[PDB]
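Structure first, commentary second.
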Amino acid sequence: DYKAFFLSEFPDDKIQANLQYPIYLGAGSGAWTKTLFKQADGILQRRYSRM
RNA sequence: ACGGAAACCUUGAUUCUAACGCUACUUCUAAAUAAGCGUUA
């Protein structure tokens with residue numbers, strides 16, 4: 001779902017391949033790895049619209 | 001110069017012996033130190 005939602009808009013050479021079950025841990029992985037991105041779409045971006 | 005005089009309601013005695021302010025009870029329950037990089041060049 002994350003690849004069909006976010007990672008598909010970027011060049012394939014910038015996206016890594018999975019050897020085992022994927023996960024995103026810690027800082028720097030992005031907002032969509034830490035939210036319910038299906039429901040946070042729209043709300044998250046408008047939270048930063050005036051910055 | 002009195003039915004009056006003399007005469008301790010007195011001596012010895014522990015309000016004492018025994019007895020747990022005790023029995024049971026999680027300072028516990030969810031929670032990434034994480035998000036945003038625009039515009040100009």
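Only heavy atoms go into these numbers, but all of them, side chains included; no hydrogens, no water, no symmetry mates. Order of the sequence lines sets the chain letters (A, B, ...), proteins ahead of strands, with each chain counted from 1.
Atom CZ in A:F37 sits roughly 20 Å away from atom P in B:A34 (whole-Å rounding). The interatomic distance linking A:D41 (CG) with B:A35 (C1') rounds to 15 Å, in whole Å.
By the 30° and 60° cut-offs, the orientation of the rings of A:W32 relative to A:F5 is perpendicular.
One P atom belongs to B:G36, the other to B:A32, and the distance between them is 16 Å to the nearest Å. Of the P atoms belonging to B:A6 and B:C2, the separation is 15 Å, rounded to the nearest Å. When the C1' atom is used for both B:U23 and B:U27, the distance is 22 Å, rounded to whole Å.
Look at B:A30: its glycosidic torsion is beyond 90° from 0, and that puts it in the anti range. Base orientation of B:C25: anti (glycosidic angle beyond 90° from 0).
Between the CG atom of A:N18 and the CD atom of A:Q20 there is a distance of 9.5 Å, given to the nearest 0.5 Å.
Sugar pucker of B:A30: north, since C1'-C2'-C3'-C4' comes out positive. Judged by the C1'-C2'-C3'-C4' torsion, the sugar of B:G21 sits on the south side, since the angle is negative. The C1'-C2'-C3'-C4' torsion of B:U33 is negative, so its sugar falls on the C2'-endo, or south, side. Judged by the sign of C1'-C2'-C3'-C4', B:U10 carries a north-puckered sugar. Sugar pucker of B:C28 is north, as judged by a positive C1'-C2'-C3'-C4' dihedral.
Of all the heavy atoms in A:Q45 and A:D41, the pair that sits closest is NE2-OD1, 2.9 Å. Counting all heavy atoms, side chain and backbone alike, A:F37 lies closest to A:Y2 at CZ-N, 3.8 Å.
Residues of residues 14-27 of chain A having a heavy atom closer than 4.0 Å to RNA chain B, listed by number: A:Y24, A:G26, A:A27.
Residue A:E9 places its CD atom among more than 12 non-hydrogen atoms of other residues, nucleotides or ligands, all under 6.0 Å distant. Annotation: A:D1, atom CG; neighbour count of heavy atoms from other residues, nucleotides and ligands within 6.0 Å does not exceed 12.
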note = Protein heavy-atom contacts under 4.0 Å, written 5' to 3' over nucleotides 36-41 of chain B as B (base), S (sugar-phosphate only) or - (none), form the string S-----

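Under the rule of centres below 5.5 angstrom and planes below 30 degrees, the bases of B:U10 and B:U11 are stacked. Judged by ring centres under 5.5 angstrom and plane angles under 30°, B:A31 does not stack onto its neighbour B:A32.
A close approach under 4.0 Å does occur between a side-chain nitrogen or oxygen of A:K34 and OP1 or OP2 of B:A35.
Checked against side chain to side chain donor-acceptor pair (under 3.5 Å), A:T33 has the following partners two or more places apart in sequence or in another chain: A:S29.
Residues A:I23 and A:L7 do not share a hydrophobic cluster, clusters being chains of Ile/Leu/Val/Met/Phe/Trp/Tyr side chains in contact below 4.5 Å.
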